[PDB]
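Here UniProt numbering = 1-based position in the sequence shown + 1024. Step one of this worksheet: look at the structure below.
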Amino acid sequence: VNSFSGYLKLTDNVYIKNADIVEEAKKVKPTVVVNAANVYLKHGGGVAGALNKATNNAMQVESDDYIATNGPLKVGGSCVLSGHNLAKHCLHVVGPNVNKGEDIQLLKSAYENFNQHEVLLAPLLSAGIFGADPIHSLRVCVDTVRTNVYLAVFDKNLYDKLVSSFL
Ligand SMILES: Nc1ncn(Cc2cccc(C(F)(F)F)c2)c2ncnc1-2
């Protein structure tokens, strides 16, 4: 038993809800929140800028120190940093950016990072401003993640479409 509420159960291990991930994180304070990161950990907008804003820019300060030491992430890769006021940990995961010509096949590699964590609150990777179709992202999630994932879907009309079309 965990503290996530109001999710629809899609499979043994995948749950979904129409929610802003920032609001879900503040209320639940999960062990792991997933950020939809880019390779530079430049959290300007989307999931990243909203989470970062909720941390009063502490996420960005920590991230800039990480990059100065380690260099950029790989597309499909991840790093674990602090969850600040939102979670114990933040798993920064880089999904492909379709608008930059990045291989959509790397979306599966991105979701594989979730399997290193028993329970996660996550958004639909590569959705929103990253230019991928949320319907495909959900399918890859279900077919790749084996740990327990609670998906916060920002858009209600897309949420209802994701549910109605789910196989
Ligand atoms: N605060 C937030 N900002 C951005 N996104 C990404 C996102 C934007 C637009 C649509 C969709 C989707 F999944 F419905 F297609 C996802 C968030 N997802 C959860 N919370 C979010």
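Cβ coordinates follow ideal geometry from the N, Cα and C atoms, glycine included.
Let's test the definition: count the other Cβ atoms within 10 Å of the Cβ of residue i and tell me whether it reaches 16, buried, or not, exposed.
i, result
"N1059", "buried"
"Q1140", "exposed"
"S1133", "buried"
"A1072", "buried"
"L1191", "exposed"
"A1092", "exposed"
"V1104", "exposed"
"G1125", "exposed"
"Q1084", "buried"
"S1150", "buried"
"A1061", "buried"
"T1035", "exposed"
"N1109", "exposed"
"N1026", "exposed"
"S1087", "buried"
Taking DSSP's pairing of strands, which residues face residue i in a bridge?
i, result
"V1143", "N1172"
"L1032", "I1040"
"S1102", "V1117"
"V1058", "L1115"
"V1177", "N1042"
Is residue i helix, strand or coil by DSSP?
i, result
"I1128", "coil"
"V1025", "coil"
"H1108", "coil"
"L1149", "coil"
"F1138", "helix"
"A1049", "helix"
"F1154", "helix"
"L1191", "coil"
"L1097", "coil"
Could you spell out the range, first to last residue, of the alpha helix (DSSP H) harbouring residue i?
i, result
"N1076", "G1070 to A1078"
"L1065", "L1065 -> no alpha helix (DSSP H), and no H or E assigned at all."
"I1091", "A1082 to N1094"
Could you confirm whether any beta carbon from chain B is found closer than 8 Å to the beta carbon of residue i?
i, result
"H1160", "This model lacks chain B altogether; it includes just one protein chain."
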